[PDB]
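What follows is the content of my_file03.pdb, which has PDB, C-alpha atoms and all ligand atoms:
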```pdb
ATOM      1  CA  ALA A1001       0.000   0.000   0.000
ATOM      2  CA  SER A1002       3.163   0.041   0.648
ATOM      3  CA  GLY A1003       3.992   2.013   3.765
ATOM      4  CA  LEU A1004       4.082   5.661   4.783
ATOM      5  CA  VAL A1005       7.112   7.570   3.498
ATOM      6  CA  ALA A1006       8.190  10.870   5.039
ATOM      7  CA  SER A1007      11.041  13.120   3.937
ATOM      8  CA  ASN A1008      12.483  16.459   5.044
ATOM      9  CA  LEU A1009      12.189  15.325   8.656
ATOM     10  CA  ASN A1010      15.334  17.145   9.758
ATOM     11  CA  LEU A1011      15.333  15.127  12.989
ATOM     12  CA  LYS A1012      18.321  16.358  14.994
ATOM     13  CA  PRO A1013      20.482  14.577  17.608
ATOM     14  CA  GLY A1014      18.670  14.174  20.911
ATOM     15  CA  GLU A1015      15.275  14.187  19.219
ATOM     16  CA  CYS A1016      12.884  11.244  19.464
ATOM     17  CA  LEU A1017      10.599   9.740  16.828
ATOM     18  CA  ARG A1018       7.519   7.909  18.101
ATOM     19  CA  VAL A1019       5.822   5.476  15.727
ATOM     20  CA  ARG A1020       2.592   3.668  16.586
ATOM     21  CA  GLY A1021       0.996   1.146  14.266
ATOM     22  CA  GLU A1022      -1.090  -1.997  13.944
ATOM     23  CA  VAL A1023       0.709  -5.298  13.429
ATOM     24  CA  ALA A1024      -1.205  -7.386  10.888
ATOM     25  CA  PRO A1025      -2.984 -10.419  12.397
ATOM     26  CA  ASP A1026      -0.972 -12.577   9.986
ATOM     27  CA  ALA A1027       2.185 -10.462  10.100
ATOM     28  CA  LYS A1028       5.367 -12.107   8.846
ATOM     29  CA  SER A1029       7.594  -9.050   9.030
ATOM     30  CA  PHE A1030       7.485  -5.262   8.987
ATOM     31  CA  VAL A1031      10.076  -2.547   8.609
ATOM     32  CA  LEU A1032      10.739   1.003   9.729
ATOM     33  CA  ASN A1033      13.595   2.627   7.819
ATOM     34  CA  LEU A1034      15.305   5.825   8.938
ATOM     35  CA  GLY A1035      18.157   7.702   7.309
ATOM     36  CA  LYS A1036      19.195  10.326   4.775
ATOM     37  CA  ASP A1037      17.257   8.677   1.954
ATOM     38  CA  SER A1038      16.085   5.279   0.705
ATOM     39  CA  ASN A1039      19.645   4.143  -0.058
ATOM     40  CA  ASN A1040      21.334   5.542   3.043
ATOM     41  CA  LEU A1041      19.747   4.271   6.249
ATOM     42  CA  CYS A1042      21.110   4.787   9.742
ATOM     43  CA  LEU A1043      18.443   2.345  10.901
ATOM     44  CA  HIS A1044      16.640  -0.509   9.169
ATOM     45  CA  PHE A1045      14.383  -1.724  12.010
ATOM     46  CA  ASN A1046      13.058  -5.132  10.977
ATOM     47  CA  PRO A1047      10.948  -7.198  13.407
ATOM     48  CA  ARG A1048      10.690 -10.618  11.766
ATOM     49  CA  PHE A1049       7.885 -12.861  12.976
ATOM     50  CA  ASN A1050       8.753 -15.440  10.327
ATOM     51  CA  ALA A1051      11.172 -14.400   7.584
ATOM     52  CA  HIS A1052      14.651 -15.158   6.245
ATOM     53  CA  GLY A1053      15.110 -17.960   8.750
ATOM     54  CA  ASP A1054      14.300 -15.706  11.693
ATOM     55  CA  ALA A1055      11.428 -16.523  14.048
ATOM     56  CA  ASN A1056      10.351 -13.636  16.281
ATOM     57  CA  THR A1057      13.621 -11.798  15.860
ATOM     58  CA  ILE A1058      14.240  -8.066  15.661
ATOM     59  CA  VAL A1059      16.885  -7.538  12.984
ATOM     60  CA  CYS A1060      18.532  -4.143  12.606
ATOM     61  CA  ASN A1061      21.000  -2.938  10.045
ATOM     62  CA  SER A1062      22.399   0.087   8.300
ATOM     63  CA  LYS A1063      22.527   0.700   4.571
ATOM     64  CA  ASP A1064      25.370   2.705   3.090
ATOM     65  CA  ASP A1065      24.958   3.776  -0.529
ATOM     66  CA  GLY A1066      22.685   0.780  -1.059
ATOM     67  CA  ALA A1067      24.930  -1.734   0.709
ATOM     68  CA  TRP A1068      23.594  -3.563   3.767
ATOM     69  CA  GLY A1069      25.846  -3.386   6.805
ATOM     70  CA  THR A1070      26.401  -5.957   9.545
ATOM     71  CA  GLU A1071      23.095  -7.128  11.015
ATOM     72  CA  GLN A1072      22.329  -6.812  14.720
ATOM     73  CA  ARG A1073      19.727  -9.007  16.424
ATOM     74  CA  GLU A1074      17.945  -8.435  19.738
ATOM     75  CA  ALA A1075      17.125 -10.789  22.602
ATOM     76  CA  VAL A1076      13.448  -9.857  22.886
ATOM     77  CA  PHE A1077      10.421  -9.658  20.596
ATOM     78  CA  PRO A1078       7.615  -7.629  22.224
ATOM     79  CA  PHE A1079       5.442  -7.694  19.098
ATOM     80  CA  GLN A1080       2.271  -9.704  18.553
ATOM     81  CA  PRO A1081       0.279 -10.084  15.312
ATOM     82  CA  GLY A1082      -3.079  -8.316  15.406
ATOM     83  CA  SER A1083      -2.078  -5.812  18.084
ATOM     84  CA  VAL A1084      -0.988  -2.181  18.266
ATOM     85  CA  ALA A1085       2.701  -1.579  18.923
ATOM     86  CA  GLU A1086       4.622   1.616  19.552
ATOM     87  CA  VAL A1087       8.334   2.148  18.995
ATOM     88  CA  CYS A1088      10.362   5.167  20.110
ATOM     89  CA  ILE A1089      13.608   5.963  18.334
ATOM     90  CA  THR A1090      16.024   8.585  19.574
ATOM     91  CA  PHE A1091      18.735   9.891  17.298
ATOM     92  CA  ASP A1092      22.221  10.695  18.569
ATOM     93  CA  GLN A1093      25.568  11.210  16.841
ATOM     94  CA  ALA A1094      27.114   8.021  18.231
ATOM     95  CA  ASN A1095      24.054   5.762  18.360
ATOM     96  CA  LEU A1096      20.319   5.553  17.884
ATOM     97  CA  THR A1097      18.348   4.325  20.875
ATOM     98  CA  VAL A1098      15.287   2.176  20.270
ATOM     99  CA  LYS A1099      12.638   1.694  22.941
ATOM    100  CA  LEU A1100      10.309  -1.233  22.301
ATOM    101  CA  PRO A1101       6.611  -1.624  23.274
ATOM    102  CA  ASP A1102       7.496  -3.235  26.608
ATOM    103  CA  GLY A1103      10.151  -0.701  27.579
ATOM    104  CA  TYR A1104      13.139  -2.753  26.485
ATOM    105  CA  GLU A1105      15.787  -0.444  25.033
ATOM    106  CA  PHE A1106      18.774  -1.139  22.804
ATOM    107  CA  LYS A1107      21.192   0.958  20.791
ATOM    108  CA  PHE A1108      22.374   0.765  17.200
ATOM    109  CA  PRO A1109      25.570   2.521  16.059
ATOM    110  CA  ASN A1110      25.261   5.549  13.782
ATOM    111  CA  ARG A1111      27.612   3.950  11.238
ATOM    112  CA  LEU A1112      26.823   6.469   8.489
ATOM    113  CA  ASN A1113      27.630   9.304  10.906
ATOM    114  CA  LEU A1114      24.418  11.120  10.001
ATOM    115  CA  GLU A1115      23.974  14.490  11.694
ATOM    116  CA  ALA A1116      20.231  14.401  11.118
ATOM    117  CA  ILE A1117      17.485  12.039  10.008
ATOM    118  CA  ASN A1118      15.449  13.326   7.064
ATOM    119  CA  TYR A1119      13.925  10.113   5.754
ATOM    120  CA  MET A1120      11.476   7.625   7.254
ATOM    121  CA  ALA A1121       9.626   4.789   5.553
ATOM    122  CA  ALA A1122       7.350   2.035   6.805
ATOM    123  CA  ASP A1123       6.813  -1.263   5.024
ATOM    124  CA  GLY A1124       5.586  -4.770   5.695
ATOM    125  CA  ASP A1125       2.718  -5.881   7.907
ATOM    126  CA  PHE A1126       2.549  -2.733  10.042
ATOM    127  CA  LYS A1127      -0.185  -0.122   9.534
ATOM    128  CA  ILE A1128       1.031   3.213  10.908
ATOM    129  CA  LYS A1129      -1.573   4.917  13.077
ATOM    130  CA  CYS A1130       0.507   7.863  14.257
ATOM    131  CA  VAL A1131       3.978   9.338  14.093
ATOM    132  CA  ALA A1132       5.321  12.011  16.421
ATOM    133  CA  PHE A1133       8.474  14.021  15.723
ATOM    134  CA  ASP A1134       9.879  15.710  18.830
TER     135      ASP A1134
ATOM    136  CA  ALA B2001      13.968  24.366   3.619
ATOM    137  CA  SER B2002      10.292  23.471   3.229
ATOM    138  CA  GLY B2003       8.410  21.313   5.701
ATOM    139  CA  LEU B2004       7.674  17.627   6.120
ATOM    140  CA  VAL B2005       6.607  15.726   3.014
ATOM    141  CA  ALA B2006       4.695  12.464   3.292
ATOM    142  CA  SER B2007       3.744  10.071   0.513
ATOM    143  CA  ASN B2008       1.872   6.763   0.343
ATOM    144  CA  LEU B2009      -0.454   8.226   2.979
ATOM    145  CA  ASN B2010      -3.321   6.037   1.753
ATOM    146  CA  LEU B2011      -5.952   8.063   3.609
ATOM    147  CA  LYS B2012      -9.371   6.679   2.693
ATOM    148  CA  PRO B2013     -12.839   8.309   2.739
ATOM    149  CA  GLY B2014     -14.095   8.699   6.290
ATOM    150  CA  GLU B2015     -10.671   8.289   7.883
ATOM    151  CA  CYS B2016      -9.572  11.210  10.030
ATOM    152  CA  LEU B2017      -6.147  12.728   9.397
ATOM    153  CA  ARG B2018      -4.954  14.758  12.378
ATOM    154  CA  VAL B2019      -1.956  17.001  11.855
ATOM    155  CA  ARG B2020      -0.396  18.990  14.670
ATOM    156  CA  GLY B2021       2.405  21.434  14.016
ATOM    157  CA  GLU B2022       4.204  24.527  15.248
ATOM    158  CA  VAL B2023       3.500  27.747  13.366
ATOM    159  CA  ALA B2024       6.786  29.642  12.925
ATOM    160  CA  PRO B2025       7.035  32.673  15.253
ATOM    161  CA  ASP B2026       7.717  34.979  12.292
ATOM    162  CA  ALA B2027       5.279  33.257   9.940
ATOM    163  CA  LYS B2028       3.348  35.537   7.600
ATOM    164  CA  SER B2029       1.385  32.441   6.605
ATOM    165  CA  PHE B2030       1.740  28.672   6.463
ATOM    166  CA  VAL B2031       0.631  25.873   4.175
ATOM    167  CA  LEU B2032      -0.492  22.278   4.494
ATOM    168  CA  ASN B2033      -1.017  20.586   1.132
ATOM    169  CA  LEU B2034      -2.976  17.378   0.608
ATOM    170  CA  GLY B2035      -3.489  15.431  -2.578
ATOM    171  CA  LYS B2036      -2.093  12.869  -4.993
ATOM    172  CA  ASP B2037       1.231  14.663  -5.459
ATOM    173  CA  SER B2038       2.776  18.141  -5.590
ATOM    174  CA  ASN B2039       0.907  18.973  -8.823
ATOM    175  CA  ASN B2040      -2.471  17.545  -7.860
ATOM    176  CA  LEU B2041      -3.795  18.897  -4.576
ATOM    177  CA  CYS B2042      -7.306  18.221  -3.316
ATOM    178  CA  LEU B2043      -6.522  20.747  -0.600
ATOM    179  CA  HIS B2044      -4.099  23.667  -0.409
ATOM    180  CA  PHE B2045      -4.734  24.837   3.175
ATOM    181  CA  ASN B2046      -3.222  28.307   3.486
ATOM    182  CA  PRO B2047      -3.845  30.354   6.652
ATOM    183  CA  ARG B2048      -2.538  33.845   5.925
ATOM    184  CA  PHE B2049      -1.602  36.139   8.803
ATOM    185  CA  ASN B2050      -0.280  38.873   6.519
ATOM    186  CA  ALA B2051       0.571  37.534   3.076
ATOM    187  CA  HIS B2052      -0.327  38.058  -0.576
ATOM    188  CA  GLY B2053      -2.381  41.090   0.390
ATOM    189  CA  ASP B2054      -4.584  39.161   2.821
ATOM    190  CA  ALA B2055      -4.770  39.452   6.600
ATOM    191  CA  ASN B2056      -5.880  36.721   9.019
ATOM    192  CA  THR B2057      -7.722  34.767   6.363
ATOM    193  CA  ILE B2058      -7.662  31.057   5.634
ATOM    194  CA  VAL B2059      -7.370  30.554   1.886
ATOM    195  CA  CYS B2060      -8.109  27.118   0.444
ATOM    196  CA  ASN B2061      -7.697  25.983  -3.135
ATOM    197  CA  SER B2062      -7.244  22.926  -5.305
ATOM    198  CA  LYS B2063      -4.534  22.223  -7.873
ATOM    199  CA  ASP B2064      -5.432  19.987 -10.814
ATOM    200  CA  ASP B2065      -2.682  18.758 -13.143
ATOM    201  CA  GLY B2066      -0.878  21.916 -12.083
ATOM    202  CA  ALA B2067      -3.748  24.388 -12.484
ATOM    203  CA  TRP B2068      -4.965  26.341  -9.462
ATOM    204  CA  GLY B2069      -8.735  26.410  -9.086
ATOM    205  CA  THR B2070     -10.998  29.052  -7.584
ATOM    206  CA  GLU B2071      -9.942  29.936  -4.053
ATOM    207  CA  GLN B2072     -12.397  29.793  -1.163
ATOM    208  CA  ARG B2073     -11.848  31.867   1.970
ATOM    209  CA  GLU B2074     -13.018  30.772   5.400
ATOM    210  CA  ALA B2075     -15.102  32.700   7.935
ATOM    211  CA  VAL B2076     -12.783  32.285  10.935
ATOM    212  CA  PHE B2077      -9.089  32.458  11.783
ATOM    213  CA  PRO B2078      -8.157  30.503  14.947
ATOM    214  CA  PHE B2079      -4.411  30.664  14.289
ATOM    215  CA  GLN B2080      -1.470  32.603  15.679
ATOM    216  CA  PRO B2081       2.212  32.756  14.676
ATOM    217  CA  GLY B2082       4.541  30.985  17.102
ATOM    218  CA  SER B2083       2.011  28.513  18.484
ATOM    219  CA  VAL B2084       0.968  24.891  18.105
ATOM    220  CA  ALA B2085      -2.019  24.271  15.863
ATOM    221  CA  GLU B2086      -3.824  21.067  15.000
ATOM    222  CA  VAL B2087      -6.185  20.483  12.108
ATOM    223  CA  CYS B2088      -8.294  17.428  11.404
ATOM    224  CA  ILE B2089      -9.185  16.483   7.846
ATOM    225  CA  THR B2090     -11.569  13.885   6.460
ATOM    226  CA  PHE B2091     -13.182  13.498   3.058
ATOM    227  CA  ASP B2092     -15.749  11.790   0.874
ATOM    228  CA  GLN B2093     -16.197  11.939  -2.900
ATOM    229  CA  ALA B2094     -17.905  15.341  -2.761
ATOM    230  CA  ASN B2095     -16.131  17.346  -0.063
ATOM    231  CA  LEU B2096     -13.216  17.487   2.308
ATOM    232  CA  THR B2097     -14.092  18.509   5.849
ATOM    233  CA  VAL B2098     -11.504  20.503   7.775
ATOM    234  CA  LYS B2099     -11.806  20.956  11.528
ATOM    235  CA  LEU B2100      -9.757  23.745  13.091
ATOM    236  CA  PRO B2101      -8.111  24.275  16.509
ATOM    237  CA  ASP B2102     -11.250  26.090  17.692
ATOM    238  CA  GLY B2103     -13.477  23.114  16.887
ATOM    239  CA  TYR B2104     -14.888  24.988  13.893
ATOM    240  CA  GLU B2105     -15.212  22.851  10.774
ATOM    241  CA  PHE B2106     -15.866  23.719   7.145
ATOM    242  CA  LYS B2107     -16.029  21.906   3.834
ATOM    243  CA  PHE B2108     -14.026  22.334   0.649
ATOM    244  CA  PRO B2109     -15.177  20.633  -2.570
ATOM    245  CA  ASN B2110     -13.253  17.530  -3.638
ATOM    246  CA  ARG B2111     -12.472  18.864  -7.117
ATOM    247  CA  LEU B2112     -10.014  16.101  -7.949
ATOM    248  CA  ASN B2113     -12.615  13.467  -7.085
ATOM    249  CA  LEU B2114      -9.974  11.734  -4.982
ATOM    250  CA  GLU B2115     -10.951   8.371  -3.527
ATOM    251  CA  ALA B2116      -7.729   8.397  -1.498
ATOM    252  CA  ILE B2117      -5.238  11.001  -0.278
ATOM    253  CA  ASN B2118      -1.630   9.844  -0.574
ATOM    254  CA  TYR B2119       0.356  13.075  -0.418
ATOM    255  CA  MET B2120       0.840  15.726   2.258
ATOM    256  CA  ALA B2121       3.392  18.506   2.536
ATOM    257  CA  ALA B2122       3.857  21.443   4.890
ATOM    258  CA  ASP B2123       5.883  24.536   4.044
ATOM    259  CA  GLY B2124       8.678  26.134   6.053
ATOM    260  CA  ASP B2125       6.273  27.919   8.406
ATOM    261  CA  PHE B2126       4.442  24.855   9.691
ATOM    262  CA  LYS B2127       6.658  22.360  11.504
ATOM    263  CA  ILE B2128       4.667  19.146  11.784
ATOM    264  CA  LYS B2129       5.023  17.579  15.235
ATOM    265  CA  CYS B2130       2.634  14.657  14.842
ATOM    266  CA  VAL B2131       0.369  12.974  12.328
ATOM    267  CA  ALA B2132      -2.357  10.509  13.259
ATOM    268  CA  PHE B2133      -4.695   8.365  11.183
ATOM    269  CA  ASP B2134      -8.049   7.405  12.691
TER     270      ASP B2134
HETATM  271  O1  LIG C2201      20.161  -6.813   6.665
HETATM  272  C1  LIG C2201      18.814  -6.382   6.487
HETATM  273  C2  LIG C2201      18.276  -7.030   5.219
HETATM  274  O2  LIG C2201      18.370  -8.504   5.374
HETATM  275  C3  LIG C2201      17.912  -9.239   4.194
HETATM  276  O3  LIG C2201      18.020 -10.628   4.412
HETATM  277  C4  LIG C2201      19.313 -11.245   4.718
HETATM  278  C5  LIG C2201      19.177 -12.150   5.978
HETATM  279  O4  LIG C2201      18.777 -11.362   7.104
HETATM  280  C6  LIG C2201      20.582 -12.750   6.268
HETATM  281  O5  LIG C2201      20.526 -13.595   7.428
HETATM  282  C7  LIG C2201      21.019 -13.595   5.042
HETATM  283  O6  LIG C2201      22.280 -14.147   5.266
HETATM  284  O7  LIG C2201      21.075 -12.775   3.820
HETATM  285  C8  LIG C2201      19.786 -12.129   3.490
HETATM  286  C9  LIG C2201      19.981 -11.342   2.185
HETATM  287  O8  LIG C2201      20.778 -10.157   2.371
HETATM  288  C10 LIG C2201      16.425  -8.892   3.894
HETATM  289  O9  LIG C2201      16.017  -9.601   2.727
HETATM  290  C11 LIG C2201      16.331  -7.352   3.651
HETATM  291  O10 LIG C2201      14.967  -7.006   3.370
HETATM  292  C12 LIG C2201      16.789  -6.610   4.943
HETATM  293  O11 LIG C2201      15.939  -6.990   6.040
HETATM  294  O1  LIG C2202      -4.809  29.827  -4.871
HETATM  295  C1  LIG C2202      -3.717  29.364  -4.085
HETATM  296  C2  LIG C2202      -2.457  30.108  -4.508
HETATM  297  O2  LIG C2202      -2.657  31.575  -4.290
HETATM  298  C3  LIG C2202      -1.500  32.386  -4.698
HETATM  299  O3  LIG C2202      -1.725  33.756  -4.456
HETATM  300  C4  LIG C2202      -2.823  34.502  -5.073
HETATM  301  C5  LIG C2202      -3.738  35.093  -3.959
HETATM  302  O4  LIG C2202      -4.284  34.031  -3.178
HETATM  303  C6  LIG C2202      -4.893  35.841  -4.663
HETATM  304  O5  LIG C2202      -5.778  36.406  -3.679
HETATM  305  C7  LIG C2202      -4.286  36.992  -5.520
HETATM  306  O6  LIG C2202      -5.301  37.688  -6.175
HETATM  307  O7  LIG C2202      -3.353  36.463  -6.531
HETATM  308  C8  LIG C2202      -2.237  35.685  -5.941
HETATM  309  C9  LIG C2202      -1.332  35.227  -7.090
HETATM  310  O8  LIG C2202      -2.081  34.714  -8.204
HETATM  311  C10 LIG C2202      -0.251  31.959  -3.877
HETATM  312  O9  LIG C2202       0.867  32.740  -4.302
HETATM  313  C11 LIG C2202       0.019  30.443  -4.145
HETATM  314  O10 LIG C2202       1.170  30.031  -3.397
HETATM  315  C12 LIG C2202      -1.219  29.624  -3.670
HETATM  316  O11 LIG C2202      -1.429  29.859  -2.258
END
```

Same coordinates, now as structure tokens:
Amino acid sequence: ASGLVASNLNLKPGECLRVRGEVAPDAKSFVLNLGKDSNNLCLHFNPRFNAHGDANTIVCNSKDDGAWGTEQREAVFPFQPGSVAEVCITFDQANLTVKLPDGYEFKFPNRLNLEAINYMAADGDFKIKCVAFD
Amino acid sequence: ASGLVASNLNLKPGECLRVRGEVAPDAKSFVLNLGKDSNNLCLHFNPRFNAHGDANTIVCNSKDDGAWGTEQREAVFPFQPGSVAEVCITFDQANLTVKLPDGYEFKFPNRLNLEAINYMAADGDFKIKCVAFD
């Protein structure tokens, strides 16, 4: 439908992005991409219910000039098909901090050294209900 | 240095789009555009404080394949520079309904006969802080 795509965000370091959406009742995977543009992502947030060999695994990665970086996987999966889920992402020069629905937080390195986030895109089995920018 | 631009909005008839943003302190006016894309707007929402010869007047218009239609001016002006303002928009095949910060709501004809709104863009005087779909 695909997913909501926002540009010109100009999200600066220290600012938080709140994204709330509905996880499809038959969700297999959904994505929230953040970065400079579609080919340069400081954060590819990919909760995989069942995809690419991952079962209930949050996979994160960066994308530099179209090239996927080294994947990072989390130890929790507070997402359930057919339920609303909210994620809070804070941008910082060194790392991005992600706060999951249940309060679990983890960081992902700002490998691309972005000084601001101007691009956000949603895709997969996640229907965005609201997005808050600072 | 324009404002936030969102695409693939997929807003359907009856769904309520709530947009909250900060009006620049030195804003002479601000704009929130809704439509299919930058050249096809079902709604050019333009509150003018002091711009284009108008004072404290909300000017609305449509843009079809690039052509601006006949403007319609609203009866109220519940806006102020340097403050947070939220507007709620919904639509059907005939009209768009815009609800203002003061609870006042008016209709603007759906001249593009849109059955879905996929594009939204704010200018440099309206910093979007949150967008909700309900
Ligand atoms: O890295 C994010 C990226 O992963 C792709 O899938 C990977 C898979 O995660 C990995 O374990 C395997 O070895 O290679 C696959 C191909 O690169 C996803 O397909 C892509 O959409 C992103 O999610
Ligand atoms: O119609 C939307 C369009 O208006 C342009 O300005 C008009 C102004 O609204 C009208 O009252 C005056 O007579 O002529 C101006 C120029 O044709 C804005 O410049 C444009 O950005 C839109 O807001």

Notebook entry, point to check: So how many Å separate atom CA of residue B:2095 and atom CA of residue B:2030, to one decimal?
Noted result: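 Those two atoms sit 22.1 Å apart.
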
Next item on the list: Specify as a PyMOL selection string each residue included when the ChimeraX specification (/A :<6) & /B is applied to this file.
Entry: chain B and resi 2004-2009+2129-2133

Item checked: Site check for ligand LIG 2202 (chain C): residues at most 10 Å away, only C-alpha atoms and all ligand atoms, as a VMD selection string -> chain B and resid 2029 to 2031 2033 2043 to 2048 2051 to 2054 2058 to 2063 2067 to 2073

Check: What separation in Å, quoted to one decimal, exists between atom CA of residue B:2106 and atom CA of residue B:2074?
Finding: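 Separation of atom CA of residue B:2106 and atom CA of residue B:2074: 7.8 Å.
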
Item checked: Residues selected by the PyMOL selection byres (((chain B and resi 2013) around 12) and not hetatm), written as a list in words ->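 Taken on the displayed file, the PyMOL selection byres (((chain B and resi 2013) around 12) and not hetatm) yields the residues residues 2010, 2011, 2012, 2014, 2015, 2016, 2017, 2089, 2090, 2091, 2092, 2093, 2094, 2095, 2096, 2097, 2110, 2113, 2114, 2115, 2116, 2117, 2118, 2133 and 2134 of chain B.
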
Output chain B, superimposed onto chain A using in-order Cα pairs, as a compact mmCIF listing (two decimals) with C-alpha atoms, in the frame of the given file:
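Contents of superposed30.txt, freshly written:
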```txt
# COMPACT_ATOMS: atom_id res chain seq x y z
CA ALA B 2001 1.36 -1.39 -1.55
CA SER B 2002 4.13 -0.51 0.92
CA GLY B 2003 3.57 1.64 3.97
CA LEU B 2004 3.78 5.33 4.81
CA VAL B 2005 6.81 7.21 3.52
CA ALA B 2006 7.90 10.46 5.13
CA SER B 2007 10.61 12.84 3.97
CA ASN B 2008 12.02 16.14 5.25
CA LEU B 2009 11.62 14.67 8.74
CA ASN B 2010 14.46 16.84 10.05
CA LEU B 2011 14.84 14.81 13.24
CA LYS B 2012 17.82 16.17 15.16
CA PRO B 2013 20.11 14.53 17.76
CA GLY B 2014 18.31 14.14 21.07
CA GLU B 2015 14.84 14.57 19.60
CA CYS B 2016 12.49 11.67 20.23
CA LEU B 2017 10.65 10.16 17.26
CA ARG B 2018 7.63 8.15 18.37
CA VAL B 2019 5.99 5.92 15.80
CA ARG B 2020 2.85 3.95 16.53
CA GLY B 2021 1.44 1.52 14.01
CA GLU B 2022 -0.70 -1.56 13.49
CA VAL B 2023 1.15 -4.79 12.75
CA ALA B 2024 -0.74 -6.67 10.01
CA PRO B 2025 -2.65 -9.69 11.39
CA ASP B 2026 -0.93 -12.01 8.89
CA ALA B 2027 2.46 -10.30 9.12
CA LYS B 2028 5.48 -12.60 8.98
CA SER B 2029 7.55 -9.52 9.77
CA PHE B 2030 7.44 -5.75 9.42
CA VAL B 2031 9.90 -2.96 8.71
CA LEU B 2032 10.43 0.63 9.76
CA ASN B 2033 13.29 2.31 7.90
CA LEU B 2034 15.01 5.50 9.00
CA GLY B 2035 17.73 7.44 7.25
CA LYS B 2036 18.60 10.00 4.60
CA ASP B 2037 16.70 8.22 1.82
CA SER B 2038 15.74 4.75 0.58
CA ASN B 2039 19.39 3.90 -0.21
CA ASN B 2040 20.95 5.31 2.94
CA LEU B 2041 19.39 3.96 6.13
CA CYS B 2042 20.82 4.62 9.58
CA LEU B 2043 18.27 2.11 10.81
CA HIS B 2044 16.48 -0.80 9.14
CA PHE B 2045 14.24 -1.96 12.02
CA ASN B 2046 12.98 -5.42 11.10
CA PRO B 2047 11.04 -7.46 13.68
CA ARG B 2048 10.68 -10.95 12.22
CA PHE B 2049 7.90 -13.23 13.45
CA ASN B 2050 8.69 -15.96 10.93
CA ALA B 2051 10.68 -14.63 8.00
CA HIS B 2052 13.99 -15.17 6.21
CA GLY B 2053 14.63 -18.21 8.37
CA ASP B 2054 14.32 -16.28 11.64
CA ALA B 2055 11.64 -16.56 14.32
CA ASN B 2056 10.61 -13.83 16.77
CA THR B 2057 13.83 -11.89 16.35
CA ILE B 2058 14.35 -8.19 15.83
CA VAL B 2059 16.94 -7.69 13.09
CA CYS B 2060 18.52 -4.27 12.68
CA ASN B 2061 20.90 -3.14 9.97
CA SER B 2062 22.23 -0.09 8.19
CA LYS B 2063 22.31 0.62 4.46
CA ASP B 2064 25.11 2.84 3.15
CA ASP B 2065 25.00 4.08 -0.45
CA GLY B 2066 22.98 0.93 -1.08
CA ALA B 2067 25.19 -1.55 0.77
CA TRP B 2068 23.76 -3.50 3.70
CA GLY B 2069 26.01 -3.59 6.75
CA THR B 2070 26.40 -6.24 9.43
CA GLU B 2071 23.07 -7.11 11.02
CA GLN B 2072 22.57 -6.97 14.78
CA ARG B 2073 19.87 -9.03 16.47
CA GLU B 2074 18.12 -7.93 19.64
CA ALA B 2075 17.63 -9.86 22.88
CA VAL B 2076 13.85 -9.42 23.18
CA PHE B 2077 10.74 -9.57 21.01
CA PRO B 2078 7.78 -7.60 22.44
CA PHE B 2079 5.76 -7.75 19.23
CA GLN B 2080 2.74 -9.67 17.98
CA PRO B 2081 1.01 -9.80 14.57
CA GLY B 2082 -2.34 -8.01 14.48
CA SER B 2083 -1.65 -5.55 17.29
CA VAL B 2084 -0.65 -1.93 17.81
CA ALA B 2085 3.02 -1.34 18.52
CA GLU B 2086 4.89 1.86 19.28
CA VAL B 2087 8.62 2.42 19.09
CA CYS B 2088 10.58 5.46 20.19
CA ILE B 2089 13.82 6.39 18.46
CA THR B 2090 16.46 8.97 19.31
CA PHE B 2091 20.07 9.34 18.22
CA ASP B 2092 23.42 11.02 18.66
CA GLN B 2093 26.52 10.86 16.46
CA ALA B 2094 27.54 7.45 17.81
CA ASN B 2095 24.34 5.46 18.30
CA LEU B 2096 20.62 5.34 17.73
CA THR B 2097 18.58 4.33 20.76
CA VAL B 2098 15.40 2.36 20.13
CA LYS B 2099 12.82 1.91 22.87
CA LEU B 2100 10.27 -0.86 22.40
CA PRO B 2101 6.63 -1.37 23.47
CA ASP B 2102 7.85 -3.20 26.59
CA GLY B 2103 9.96 -0.24 27.70
CA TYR B 2104 13.11 -2.13 26.74
CA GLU B 2105 15.66 0.00 24.89
CA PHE B 2106 18.78 -0.89 22.93
CA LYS B 2107 21.35 0.92 20.83
CA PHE B 2108 22.37 0.49 17.21
CA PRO B 2109 25.54 2.17 15.91
CA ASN B 2110 25.06 5.28 13.77
CA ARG B 2111 27.10 3.94 10.85
CA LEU B 2112 26.09 6.71 8.48
CA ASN B 2113 27.21 9.34 10.99
CA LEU B 2114 23.89 11.09 10.45
CA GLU B 2115 23.48 14.45 12.15
CA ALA B 2116 19.82 14.45 11.13
CA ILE B 2117 17.22 11.86 10.09
CA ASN B 2118 15.03 13.04 7.22
CA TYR B 2119 13.56 9.82 5.85
CA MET B 2120 11.24 7.18 7.28
CA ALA B 2121 9.30 4.41 5.57
CA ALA B 2122 7.23 1.49 6.80
CA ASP B 2123 6.48 -1.60 4.73
CA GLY B 2124 3.10 -3.18 4.00
CA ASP B 2125 2.96 -4.97 7.36
CA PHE B 2126 3.26 -1.91 9.59
CA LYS B 2127 0.44 0.61 9.17
CA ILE B 2128 1.59 3.81 10.84
CA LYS B 2129 -1.20 5.39 12.89
CA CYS B 2130 0.71 8.30 14.40
CA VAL B 2131 4.11 9.96 14.40
CA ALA B 2132 5.26 12.41 17.05
CA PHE B 2133 8.38 14.54 17.39
CA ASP B 2134 9.52 15.49 20.89
```

Margin query: I'd like the interatomic distance between atom CA of residue A:1126 and atom CA of residue A:1026, to a tenth of an Å.
Written below: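 The value is 10.5 Å.
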
Box for ligand LIG 2201 (chain C) - axis-aligned, 6 Å on each of the six sides, all listed atoms - centre and size in Å to one decimal, as JSON.
```
{"center_x": 18.6, "center_y": -10.3, "center_z": 4.8, "size_x": 19.3, "size_y": 19.8, "size_z": 17.2}
```
